[PDB]
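need a structure here:
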Amino acid sequence: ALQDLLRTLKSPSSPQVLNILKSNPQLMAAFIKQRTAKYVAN
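Numbers count the residues shown, from 1 in each chain. You can find the structure just below:
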């Protein structure tokens, strides 16, 4: 989840990975949930 996010997200925004995460369905749901333990995705 930690590494895969970098390779998958790569540059899904380029703001001056969290970009998709802020959504919560795809990335935040699947990867953050299996790499930080205390993952928070309310």
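
Quote the end-to-end distance of stretch 25-42.
End-to-end distance for stretch 25-42: 11 Å, by Cα to Cα, to the nearest Å.

which residue of the chain sits farthest from its center?
For the chain, the residue at maximal distance from the C-alpha centroid (Cα atoms, centre = their mean) is residue 16, at 17.8 Å.

and it, how far is that from residue 40?
25 Å (Cβ to Cβ, to the nearest Å). To be clear about C-beta, it is placed using only N, CA and C from the backbone, and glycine gets the same treatment.

do residue 11 as well
24 Å.

What helix or strand is residue 15 located in?
Under the criterion of DSSP states H and E, residue 15 resides outside all helices and strands.

Summarise which helices and strands the longest helix belonging to the chain is packed against.
Assignment by DSSP state H gives helix 2-9 as the longest helix of the chain. Packing partners of helix 2-9 (3 or more Cβ pairs under 8 Å, 6 or more residues apart in numbering; DSSP states H and E): helix 27-30.

For the helix it packs on, which outside residues touch it?
1, 5, 8-9, 17, 20-22, 41 (Cβ atoms under 8 Å, 6 or more residues apart in numbering).

May I see the ChimeraX selection of the buried members of those?
Command for ChimeraX that selects the buried part of those, burial taken from 16 or more other Cβ atoms under 10 Å:
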select :5,9,17,20,21
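
so what's residue 6 closest to, chain neighbours aside?
Nearest residue to residue 6 in three dimensions, chain neighbours excluded: residue 17, at 6.6 Å (Cβ to Cβ, 6 or more residues apart in numbering).

Contact partners for the one you found?
5-6, 9, 27.

could I get those as a markdown table with distance to residue 35?
Output for the contacts of residue 17, formatted as a markdown table (distance: Cβ to Cβ, whole Å):
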| residue | distance to residue 35 |
| --- | --- |
| 5 | 8 |
| 6 | 11 |
| 9 | 13 |
| 27 | 11 |
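
Tell me how many other residues surround residue 14.
Counted with other Cβ atoms under 10 Å, residues neighbouring residue 14 total 7.
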